[PDB]
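Spelled out from the first residue to the last, the chains are:
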Amino acid sequence: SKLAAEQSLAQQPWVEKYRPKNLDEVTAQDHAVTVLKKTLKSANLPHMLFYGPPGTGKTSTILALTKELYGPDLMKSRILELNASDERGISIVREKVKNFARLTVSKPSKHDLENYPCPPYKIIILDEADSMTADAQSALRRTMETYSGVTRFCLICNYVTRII
Amino acid sequence: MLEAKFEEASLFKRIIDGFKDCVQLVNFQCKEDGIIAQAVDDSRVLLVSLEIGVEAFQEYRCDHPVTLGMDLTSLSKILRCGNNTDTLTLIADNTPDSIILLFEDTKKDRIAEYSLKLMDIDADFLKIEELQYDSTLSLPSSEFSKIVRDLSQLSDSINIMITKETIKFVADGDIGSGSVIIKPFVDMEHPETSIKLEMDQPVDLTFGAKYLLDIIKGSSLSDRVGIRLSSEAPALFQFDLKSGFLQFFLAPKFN
Amino acid sequence: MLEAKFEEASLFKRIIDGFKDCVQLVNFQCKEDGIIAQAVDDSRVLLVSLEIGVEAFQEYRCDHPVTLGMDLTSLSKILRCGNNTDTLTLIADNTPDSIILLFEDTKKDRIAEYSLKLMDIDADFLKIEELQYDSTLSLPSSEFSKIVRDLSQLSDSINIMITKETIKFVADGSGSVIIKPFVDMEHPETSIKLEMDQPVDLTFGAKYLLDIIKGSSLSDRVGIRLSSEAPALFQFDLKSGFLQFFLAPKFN
Amino acid sequence: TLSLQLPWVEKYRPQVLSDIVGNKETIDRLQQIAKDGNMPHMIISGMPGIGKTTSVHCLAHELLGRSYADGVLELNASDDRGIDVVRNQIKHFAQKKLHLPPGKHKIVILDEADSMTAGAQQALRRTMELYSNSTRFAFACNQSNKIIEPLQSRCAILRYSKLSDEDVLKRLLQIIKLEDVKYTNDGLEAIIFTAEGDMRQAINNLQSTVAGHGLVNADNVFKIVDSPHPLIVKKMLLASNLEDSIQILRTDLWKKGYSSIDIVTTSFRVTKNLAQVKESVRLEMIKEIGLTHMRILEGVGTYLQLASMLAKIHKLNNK
Amino acid sequence: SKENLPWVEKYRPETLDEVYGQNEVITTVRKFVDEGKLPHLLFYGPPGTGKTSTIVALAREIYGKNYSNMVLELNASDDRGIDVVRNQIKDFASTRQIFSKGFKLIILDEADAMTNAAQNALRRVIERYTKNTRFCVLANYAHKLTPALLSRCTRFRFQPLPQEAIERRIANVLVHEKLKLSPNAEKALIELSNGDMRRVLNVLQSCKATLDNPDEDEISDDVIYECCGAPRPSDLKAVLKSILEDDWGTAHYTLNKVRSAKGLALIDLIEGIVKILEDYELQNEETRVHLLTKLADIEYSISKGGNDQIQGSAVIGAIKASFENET
Amino acid sequence: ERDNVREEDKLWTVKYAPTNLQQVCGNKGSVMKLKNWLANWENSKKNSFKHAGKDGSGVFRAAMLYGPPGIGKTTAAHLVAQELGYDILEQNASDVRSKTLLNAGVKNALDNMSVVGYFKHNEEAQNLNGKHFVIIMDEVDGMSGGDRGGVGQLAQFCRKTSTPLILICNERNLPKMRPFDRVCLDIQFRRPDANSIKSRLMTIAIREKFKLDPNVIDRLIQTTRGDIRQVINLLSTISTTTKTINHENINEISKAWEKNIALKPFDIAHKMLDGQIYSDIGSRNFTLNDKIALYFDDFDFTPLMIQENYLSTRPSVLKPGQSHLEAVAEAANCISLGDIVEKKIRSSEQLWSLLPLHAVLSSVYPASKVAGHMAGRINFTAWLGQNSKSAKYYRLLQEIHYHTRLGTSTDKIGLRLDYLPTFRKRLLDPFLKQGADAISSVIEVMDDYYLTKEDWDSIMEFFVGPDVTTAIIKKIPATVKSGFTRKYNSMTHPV
DNA sequence: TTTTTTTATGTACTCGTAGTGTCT
DNA sequence: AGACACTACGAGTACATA
Ligand SMILES: Nc1ncnc2c1ncn2[C@@H]1O[C@H](COP(=O)(O)OP(=O)(O)OP(O)(O)=S)[C@@H](O)[C@H]1O
Ligand SMILES: Nc1ncnc2c1ncn2[C@@H]1O[C@H](COP(=O)(O)OP(=O)(O)OP(O)(O)=S)[C@@H](O)[C@H]1O
Ligand SMILES: Nc1ncnc2c1ncn2[C@@H]1O[C@H](COP(=O)(O)OP(=O)(O)OP(O)(O)=S)[C@@H](O)[C@H]1O
Ligand SMILES: Nc1ncnc2c1ncn2[C@@H]1O[C@H](COP(=O)(O)OP(=O)(O)OP(O)(O)=S)[C@@H](O)[C@H]1O
Ligand SMILES: [Mg+2]
Ligand SMILES: [Mg+2]
Ligand SMILES: [Mg+2]
Ligand SMILES: [Mg+2]
């Protein structure tokens with residue numbers, strides 16, 4: 001269980017072995033993680049758009065934030081990670097993303113509420129949003145604007161100009 | 001918590017078949033009196049309202065009023081994986097979460113535990129059918145289905161006219177024009193074939209055929225369709241279940 | 001203003017279903033004697049005519065002769081709504097831009113009217129003056145439907161031979177059925193009669209015969225008249241009139 | 001707020017051919033045709049908001065009298081108009097028998113005929129040719145080029161033109177007289193200026209100004225309706241100095257909320273439809289505008305790109 | 001609860017009195033709905049101007065709290081094709097209301113992403129059913145709409161929010177939240193918004209979270225600039241002065257230290273230098289042509305990546321070569 | 001009452017339609033040819049269409065008519081069928097015409113006589129072919145098309161029939177009309193002459209109480225572009241208000257009834273490369289909007305047609321101090337820019353809103369740079385055939401590389417550029433120097449890399465320039481090649 | 001005077017195995 | 001009870017695109 005994961009991390013490349021697991025391991029991107037830590041005590045996480053050069057820690061930051069928010073148990077049930085290795089046309093955005101956003105948040109267990117804040121919303125992260133077509137991006141507008149009470153959107157990209 | 005154990009399995013299957021391809025997103029409400037659910041069509045033209053009391057269930061236990069929203073496609077997919085000989089059990093936890101549909105066989109230990117993830121629909125539960133109706137009538141299900149799917153071939157609109165002791169269904173289209181005139185009469189050896197009609201004012205109003213063709217699908221539940229019509233009032237098409245009722249509120253056309 | 005009334009809608013329903021697939025538009029003339037209607041196939045190969053007199057109608061009123069050009073698909077859709085226990089009534093007014101099919105039920109207070117819009121058809125009504133057919137035979141319609149369904153599954157062209165008081169239905173693998181004229185007194189319905197003057201050699205298609213034999217529900221006996229230089233006549237008897245089919249042969 | 005009133009475009013929609021202030025020639029032609037009968041197949045083309053649908057509707061109404069309900073088949077772009085519809089319903093209507101006066105015919109109105117598929121348009125040829133003695137076809141479109149030549153060969157072609165300021169002014173004065181609205185000459189002039197030969201847009205802007213301010217004045221009209229988009233773009237491109245064009249782009253277009261895509265598209269359209277400069281200068285300007293549009297579409301749409309486009313256009317104009 | 005929504009969603013206007021910036025449009029719309037003469041509306045404007053909020057508050061004022069049921073709201077998130085129009089919109093327009101008496105409202109939000117066939121089918125739905133229903137089309141780009149559909153609706157242009165309206169909304173938020181804001185900080189906030197309320201609300205929430213205190217202090221310009229990562233006017237003008245006056249090596253060192261000490265971006269510095277040099281009164285426009293062309297080229301190259309040092313040196317050299325002609 | 005027709009209720013098109021072959025306007029040669037072909041039809045069928053006469057008609061059992069719309073193809077065919085004593089069975093695109101539908105309805109009529117011919121006339125034998133069918137299929141070009149459809153069914157029916165089969169279409173040179181290339185006798189109805197149309201117009205004018213001078217009919221025809229039907233409709237439409245049109249109101253009449261027809265992908269190349277259009281006078285007559293609409297008439301071939309023959313003209317818009325080579329280089333640069341634009345258009349994100357820009361960069365600007373006279377002939381774009389050939393060669397090279405990957409461990413291009421110059425000398429060269437006893441070496445070499453006979457034949461087709469094997473393989477003695485191909489199907493090869 | 005071209009969502013047509021209510 | 005007309009959801013084929 002835990003020891004197997006420790007050994008696998010110890011037998012992984014240094015890029016993935018030393019991936020920041022908490023919002024404290026990030027060294028230089030302090031302005032964003034300060035707000036991310038202060039909103040961890042509150043419950044008003046807004047829709048976020050991470051942009052910058054490659055290798056600055058956007059994916060690591062959002063993963064550490066989702067972990068510190070939901071715990072290793074709700075981490076697998078209250079997240080929706082859509083990367084560039086999947087289909088992200090208009091059809092996918094309209095069916096899958098909208099169905100997940102319209103879903104209700106999963107009930108936390110007894111051990112979850114004791115150690116983690118467990119916010120009343122889930123997170124739909126979209127990694128590498130540069131490859132998303134403009135129509136599939138415009139389809140996300142009302143999807144993220146009306147279901148903000150139950151889901152939160154996190155876009156990640158390198159060129160902020162590629163997003164409408 | 002919520003425990004709703006049915007007596008059979010095909011009952012809920014036919015209940016969902018009544019409006020399978022009619023609406024999409026429903027929000028059931030389970031209280032101490034029973035399950036009640038109203039759902040608006042995608043085009044916001046008709047409203048399905050179903051109420052099943054504690055009579056159709058074999059066991060019923062509801063602590064607090066719970067609201068479970070779900071899509072009818074996923075509900076149909078879950079219900080199709082259940083055998084017609086199994087026993088159905090709806091379970092809900094303290095807070096509203098994925099409803100547990102349990103299929104329990106009566107002879108072999110077959111525990112089919114499906115978990116349907118809920119939706120988050122705006123629970124805009126209104127209070128409807130609390131208004132006085134100008135004309136009320138009741139007629140067998142088969143006759144209504146026949147008339148509807150016979151007039152739907154001549155046109156796309158159906159005008160219903162209630163005059164003094166006179167019911168009239170008119171279909172005016174392009175290839176032809178049909179008109180059926182049924183008269184109120186009550187039989188004694190067959191009390192179920194009677195066509196009752198209590199009218200206070202003449203009613204003249206048109207509906208669409210694409211919606212009547214889906215309303216008549218509910219004729220598999222009951223055999224006496226009640227129809228309530230009035231000027232500027234939703235047409236009430238009521239099927240009477242053995243425990244509750246399933247009523248479709250259809251919006252009349254604009255002349 | 002014409003007003004005709006049947007005893008039951010089943011008669012007219014079967015009459016229409018007998019030839020509902022060979023033609024789509026048909027001109028029903030209406031005189032004092034009865035209703036006559038002929039319709040040519042869309043490929044102009046099969047002409048279906050029918051005549052029904054007053055004996056089949058409970059009531060009949062036709063002040064002046066009038067031709068009603070009506071489609072068969074819409075008429076079929078309209079007649080499918082009626083029930084077999086209803087009394088069909090055809091009603092038409094002066095300048096009949098439409099025709100009313102009225103269904104009355106005798107034991108319930110239900111009156112179902114259906115107004116159908118007529119078509120504007122080129123009424124090139126050809127005369128049906130009698131031509132002396134070389135051979136005139138008659139045999140029950142059921143065996144005719146069976147033999148045509150048998151030869152149809154083998155090929156498309158069906159050759160008919162009337163020779164030396166023998167009938168030959170051959171389909172080119174290659175199948176053949178030979179029929180003898182034998183008159184039976186104990187069973188007058190299966191009496192295959194034949195009057196031959198010249199030996200006839202005709203050749204028809206598959207779909208035409210398949211659609212003609214589907215009308216083998218009004219009469220238990222069909223009469224076939226053949227000539228080398230004239231189209232074949234397949235007559236089915238009715239209670240009051242008759243339903244004739246006229247089929248053109250194939251090249252030699 | 002329980003019920004609303006009909007707009008002035010629908011309320012004052014002409015119901016007779018005399019109330020149409022469009023092209024006098026074609027209107028008088030349709031009037032004489034409806035008065036004598038024998039309406040032929042026709043295709044009416046033009047721009048939106050000049051009286052094409054109303055014209056054919058008034059024609060059919062005055063030609064059919066009370067038999068309009070049973071003799072006119074109206075099919076819009078909102079209804080299915082595929083090959084199946086033309087095969088079944090249009091053919092059944094053309095073959096349908098109807099006793100009409102000895103000078104009238106059944107009319108098939110097809111609104112937005114430029115949207116019908118090629119199969120339906122091809123199937124309609126023999127449908128309109130075999131029943132041309134009891135059924136007539138009237139198409140109403142915006143582009144005659146979208147209708148195939150075989151269909152156009154069997155009908156008359158009526159090309160509706162833009163409504164001059166005189167006709168729109170007369171219609172607006174008639175509407176004001178029928179509505180008793182306080183107006184001013186400069187307000188009506190501004191309405192005509194912002195309408196650009198669009199009668200429907202003119203009536204809509206007039207009703208909006210009336211219900212929003214009460215008095216039809218140039219001030220209120222310009223306050224509720226901005227200046228035409230293509231004219232400001234033309235004035236920006238035709239500027240003699242780079243500073244003037246930059247100031248125009250900044251104040252009139254960028255500070256008022258006009259997106260970069262709309263600006264570059266209007267610039268392309270104006271340069272294409274321009275006639276003041278030579279063909280080669282217009283081609284170079286279109287080339288630069290397209291080079292800028294290729295960056296605007298990639299998400300690099302900012303004020304700096306439009307400023308650079310204007311600078312390159314002025315450098316081209318700098319001999 | 002509403003206390004969990006983001007500030008952009010939490011402070012969404014629910015009535016027409018909470019929609020600032022648009023006064024000529026809001027008053028005319030209120031008069032339309034009061035006198036009853038409500039035509040087909042076309043709200044065209046940039047993102048974050050308040051079109052969706054305006055139409056939602058309008059439908060709320062028209063139908064009451066029953067807005068979500070008496071109004072058909074379609075957007076780009078929903079499937080909007082020609083068959084979708086033909087069935088849904090025509091059946092909604094042709095029939096009557098289920099809950100009350102009155103006209104119907106079809107809100108086609110973000111209708112600039114609809115197909116041309118859908119608009120061609122809808123343009124005759126708007127004209128045929130116009131006595132029992134209405135159409136409101138929201139758009140950011142007026143070029144994606146056909147002229148036929150564009151001519152059937154009354155066009156209302158939502159101007160970018162001015163200084164006074166954004167300041168009023170900021171004051172309302174500062175009353176609703178236990179937060180204080182500096183005057184110069186407020187001005188800088190107005191400057192980096194371009195009339196976008198969403199950006200203002202988002203960065204206000206971010207600076208409130210940045211305070212790291214129980215909010216007994218004030219939010220200054222430093223907090224704002226460190227939150228949005230935007231360059232300060234001081235560093236902007238210092239870099240511009242070092243480029244215009246100092247040597248190549250000195251200007252390079254100044255740009256490097258300014259962009260590396262605060263972690264600023266080259267695109268933000270480019271935009272700031274462009275905004276500053278816009279007020280510069282110069283000689284013959286050739287220098288302005290060269291400056292604009294080279295800066296736009298460098299911006300388009302930055303929009304695709306590359307070497308940041310090479311692009312910074314390119315900016316310096318381009319500005320220097322452009323101002324070398326102004327002599 | 002219903003049979004009673006009214007002349008004021010019929011269109012001028014149908015009330016003045018030709019009732020006999022002597023009233024058709026122009027194209028007498030085509031009508032006479034069709035008449036001679038239909039008259040000699042049964043005589044040709046009697047000899048299985050083997051006998052051929054001086055007219056050249058009799059070998060094709062079916063005939064096709066093609067031309068612009070409205071010149072009288074259908075009327076001529078119907079009149080010939082009526083005057084030759086035949087029964088007309090007419091079908092067209094308005095009726096459901098598919099493969100299954102044609103097999104159901106029409107297929108049963110190619111070898112079956114009519115049924116109404118008997119009822120019409122039997123007492124007097126005017127002609128033996130009165131009981132015969134003629135299948136007049138109008139609007140053949142309106143079918144669905146493709147691999148599945150009634151087009152191929154009719155093309156195959158045109159090969160086996162015992163009844164005349166006339167086909168009418170408006171567009172002949174179409175891909176869907178390709179199966180009809182060599183199966184039916186093709187007749188072309190062309191632009192009718194002005195004299196016959198002039199006489200017909202004079203007749204219908206004096207009949208309709210309408211004044212008309214013969215000086216306007218030429219302009220009417222040239223604006224109508226050979227369509228008597230549109231001329232008749234124009235006369236019927238304008239005569240109701242203006243009863244005289246000689247030289248005053250003809251300007252507005254022509255400007256209002258101009259035929260806006262799309263040009264063929266070859267006429268667009270001629271108009272685009274026309275030097276007069278880009279002159280100072282021609283620019284304000286054929287505006288830039290018209291030039292862009294020219295490209296938009298067919299935006300799939302116009303850029304290719306321009307790039308094909310933009311350097312095969314004599315420019316007349318050369319600026320002072322600019323040679324032909326400079327203009328051609330600028331046109332090629334703009335062609336490359338339009339290429340980039342087109343790649344951006346037909347790629348992901350579907351940037352089709354850039355189509356007007358691609359109009360100028362690919363078609364308008366390169367034509368304007370090189371506009372002038374046409375030196376030779378307008379050559380069709382050869383880029384399509386070269387692309388098809390290169391794609392086929394890439395497929396073959398991919399097969400060869402996937403066969404020999406087990407030994408080469410290189411890329412497709414790395415094998416084409418490097419391995420083939422040695423594979424040629426390994427396989428083919430021993431044949432030119434060692435006779436027929438070098439067969440075992442070649443077999444072993446091709447086995448060591450899993451080559452095949454088809455692969456061997458495909459390898460020798462990649463080399464160009466001074467190394468072409470199309471003659472070297474023919475120089476090889478046939479005995480050596482026969483021994484090689486015989487040894488190939490004998491020895492076992494491990495795939 | 002003539003042939004072809006990668007892909008991406010919307011639109012329209014077609015055959016078509018399939019699921020179920022009905023009649024000899 | 002079963003056969004077969006009626007039928008409506010689904011895979012395949014193209015056809016445009018300002
Ligand atoms: N701020 C950081 N602190 C510590 N390690 C970091 C930081 N940023 C990146 N890393 C390291 O770099 C690895 C990659 O991090 P990522 O978050 O995937 O980079 P990135 O920003 O996603 O770049 P992309 O995916 O190409 S846009 C992490 O697993 C860490 O080992
Ligand atoms: N000549 C006119 N006289 C009076 N009102 C007119 C005139 N032309 C247009 N209108 C008004 O504009 C409204 C709509 O006109 P339409 O005929 O629908 O426009 P159109 O010419 O058909 O262009 P479309 O429909 O957008 S392709 C009418 O209801 C009238 O109120
Ligand atoms: N005029 C305004 N007054 C007050 N708040 C506003 C105003 N405009 C925008 N906002 C705020 O910004 C949020 C988003 O407004 P929207 O109306 O959704 O923007 P929009 O005008 O529709 O532009 P889009 O949706 O990007 S096309 C609202 O919920 C408010 O919090
Ligand atoms: N040569 C002609 N002389 C006289 N009238 C003609 C001539 N050609 C056509 N017409 C008229 O045009 C009408 C229709 O001619 P058609 O032959 O049907 O046209 P078409 O040449 O077949 O082109 P289509 O129908 O678009 S394929 C006829 O009834 C005549 O009134
Ligand atoms: Mg990443
Ligand atoms: Mg119109
Ligand atoms: Mg919005
Ligand atoms: Mg023709």
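Conventions we followed
Residues numbered from 1 in each chain as written, not as in the entry; some residues may be left out. Chains lettered and ligands numbered in written order. Part of a larger assembly, values for the part shown. Heavy atoms only, no water. Near = heavy atom within 4 Å. Polar contact = N/O pair within 3.5 Å; in protein donor to acceptor, adjacent residues only side chain to side chain. Helix = DSSP H or I, 4+ residues; strand = E, 2+ residues; numbered from the N terminus. Areas by Shrake-Rupley, 256 points an atom, 1.4 Å probe, with all protein chains shown as cover. Domains from an automatic or database assignment. Nonpolar A, V, L, I, M, F, W, Y, C, P; charged D, E, K, R; others polar. Contact = heavy atoms within 4.5 Å. Buried area = accessible area lost by both parts, 1.4 Å probe. Salt bridge = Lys/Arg side-chain N within 4 Å of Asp/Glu carboxyl O. Buried < 20%, exposed > 50% of the residue type's maximum accessible area, 1.4 Å probe, protein only. Core = buried A, V, L, I, M, F, W, Y, C linked by side-chain atoms within 4.5 Å.

Asks: For this particular structure, what's the right way to read the protein's contact with DNA strand G?
Replies: Neighbouring residues of DNA strand G: 31 residues in total, closest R149(B), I83(D), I82(E), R86(E) and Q350(F). The share of sugar and phosphate among atoms of DNA strand G within 4 Å of the protein is 55%. Take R87(D): an N or O atom from its side chain is 3.3 Å from a phosphate oxygen of DNA strand G. In the model, a sugar or linking oxygen of DNA strand G is placed 3.2 Å from a nitrogen or oxygen of the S388(F) side chain. Where the surface near DNA strand G is concerned, the elements lending two or more residues are α5 (90-102) of chain A, α5 (83-95) of chain D, α5 (82-94) of chain E together with α18 (383-408) of chain F.

Asks: Sorry, what's going on with the site of ligand 3 here?
Replies: Neighbouring ligand 3 are 21 residues; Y20(E), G50(E), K51(E), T52(E) and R198(E) lie closest to it. At the site occupied by ligand 3, the surrounding residues belong to chains A and E. Within the backbone of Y20(E), one N or O atom sits 2.5 Å away from a nitrogen atom of ligand 3. A distance of 3.3 Å separates a nitrogen atom of ligand 3 from a polar atom in the backbone of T49(E). Relative to its free-state accessible area of 640 Å², ligand 3 is covered by the protein chains to the extent of 98%. Where the shell around ligand 3 is concerned, the elements lending two or more residues are α3 (51-63) and α10 (197-210) of chain E. When residues are assigned to domains, the shell around ligand 3 turns out to be shared by domain 1 (1-161) and domain 2 (162-230) of chain E, each giving three or more.

Asks: Just to check I follow, could you spell out the protein's contact with DNA strand H for this structure?
Replies: As a matter of local geometry, DNA strand H sits amid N116(E), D147(F), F296(F), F299(F), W352(F) and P356(F). Take the atoms of DNA strand H that sit within 4 Å of the protein: sugar and phosphate atoms are 28% of them. Within the backbone of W352(F), an N or O atom sits 3.5 Å from a phosphate oxygen of DNA strand H. Of the residues in the surface near DNA strand H, the class split is 4 nonpolar, 1 polar and 1 charged.

Asks: Mind showing me how you'd approach the domain arrangement of chain E here?
Replies: The parts lose accessible area when they come together, and the size of an interface is often stated as this lost area. All names here are of chain E. In terms of domain boundaries, chain E breaks down into domain 1 (1-161), domain 2 (162-230) and domain 3 (231-327). Taken over C-alpha atoms, the centre of domain 1 sits 31 Å from the centre of domain 2. In this complex, domain 1 contributes 15 residues to the contact, which on the side of domain 2 involves 21 residues. Where domain 1 abuts domain 2, roughly 1,600 Å² becomes buried across the two surfaces, and 59% of that area is made up of carbon and sulfur atoms. Connecting domain 1 to domain 2 are 1 salt bridge. The salt bridge involving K10 is made with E177; its shortest N-O contact spans 3.4 Å. Taken together, the residues of the side of domain 1 that touches domain 2 sort by class into 9 nonpolar, 3 polar and 3 charged.

Asks: For this particular structure, what's the right way to read the pattern of salt bridges?
Replies: A side chain of one charge can pair with a side chain of the opposite charge if their charged atoms are brought near each other. Under the definition given, this model contains 72 salt bridges over all chains. Ionic pairing is found between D78(E) and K98(A), a salt bridge with its closest N-O pair at 3.9 Å. In this pair, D78(E) sits in the loop between β2 (71-74) and α5 while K98(A) sits in helix α5, so the two residues belong to two different chains. Of the residues examined, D78(E) reaches a relative accessible area of 22% and is grouped as partly exposed. Residue classification places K98(A) among the buried residues on the basis of a relative accessible area of 11%. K214(C) serves as the salt-bridge partner of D211(C), at 3.4 Å between the closest nitrogen and oxygen. Residue classification places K214(C) among the partly exposed positions, given a relative accessible area of 45%. Residues participating in the shared-partner salt-bridge network are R142(A), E145(A), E9(E), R12(E), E73(E), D109(E) and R198(E).

Asks: Looking at this structure, I do not really get the nonpolar core. What am I missing?
Replies: Side chains that are nonpolar tend, in soluble globular proteins, to be buried together. In terms of nonpolar packing, the biggest core is built from 184 residues, with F19(B), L101(B), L229(B), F248(B), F144(C), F234(C) and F180(F) touching the most fellow members. Filtering out sequence-adjacent residues up to four positions away, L101(B) remains in contact with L75(B), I78(B), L79(B), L88(B), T89(B), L90(B), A112(B), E113(B), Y114(B) and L116(B).

Asks: So what exactly am I meant to see when it comes to the interface of chain D and chain E here?
Replies: At the interface, 62 residues of chain D touch 59 residues of chain E. Around 5,400 Å² of area is buried between chain D and chain E when both sides are counted, 53% of it from carbon and sulfur atoms. Across the pair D79(D) and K90(E) runs a salt bridge whose closest N-O atoms are separated by 2.5 Å. Where the side of chain D that touches chain E is concerned, the elements lending two or more residues are α1 (8-11), α3 (53-64), α10 (199-213), α11 (218-224), α13 (242-254), α14 (260-272), α15 (279-300) and α16 (303-316) of chain D. Here the element with the most residues in the side of chain D that touches chain E is α16(D); it accounts for 9 residues.

Asks: Help me understand the environment of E248(F), please; the structure alone is not making it clear to me.
Replies: Considering the arrangement of structural elements, one finds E248(F) in the loop between β7 (244-245) and α11 (250-256). Reaching out from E248(F), the side chain makes a polar contact with the side chain of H247(F) at a distance of 3.3 Å.

Asks: Please clarify how the interface of chain F and chain D should be interpreted in this entry.
Replies: Taken together, the contacts link 59 residues of chain F with 49 residues of chain D. Interface of chain F and chain D: buried area, both sides summed, is about 4,700 Å²; carbon and sulfur atoms make up 53% of it. Counting across the interface, chain F meets chain D through 7 salt bridges. Across the pair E298(D) and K344(F) runs a salt bridge, and its minimum N-O distance is 3.3 Å. In this structure, the connection of chain F to chain D is made through 19 residue pairs in polar contact. Taken together, the elements giving at least two residues each to the side of chain F that touches chain D come down to α4 (73-83), α10 (228-238), α11, α14 (288-297), α16 (324-345) and α17 (355-370) of chain F.

Asks: Which parts of the structure should I look at to understand the side chain of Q235(C)?
Replies: Residues and elements named next belong to chain C. The topology assignment puts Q235 in strand β17 (residues 230-237). A distance of 3.3 Å separates polar atoms of two side chains, one belonging to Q235 and the other to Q244. Discounting chain neighbours no more than four positions away, the residues touching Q235 are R221, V222, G223, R225, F242, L243 and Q244.

Asks: Sorry if this is basic, but what is going on with the site of ligand 2 here?
Replies: The environment of ligand 2 is formed by 22 residues, the closest being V9(D), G51(D), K52(D), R200(D) and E127(E). With respect to ligand 2, the chains having nearby residues are chains D and E. Contacts to ligand 2 include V9(D), whose backbone N or O atom sits 2.8 Å from an oxygen atom. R13(D) is positioned with one of its side-chain polar atoms (N or O) 3.3 Å from an oxygen atom of ligand 2. The protein chains hide 98% of the 640 Å² of surface that ligand 2 would expose on its own. Mapped by element, the contributors of at least two residues to the shell around ligand 2 are α3 and α10 of chain D. Classifying every residue of the shell around ligand 2 by side-chain character gives 9 nonpolar, 6 polar and 7 charged. Taken together, domain 1 (1-163) and domain 2 (164-227) of chain D each give at least three residues to the shell around ligand 2, which thus spans both.

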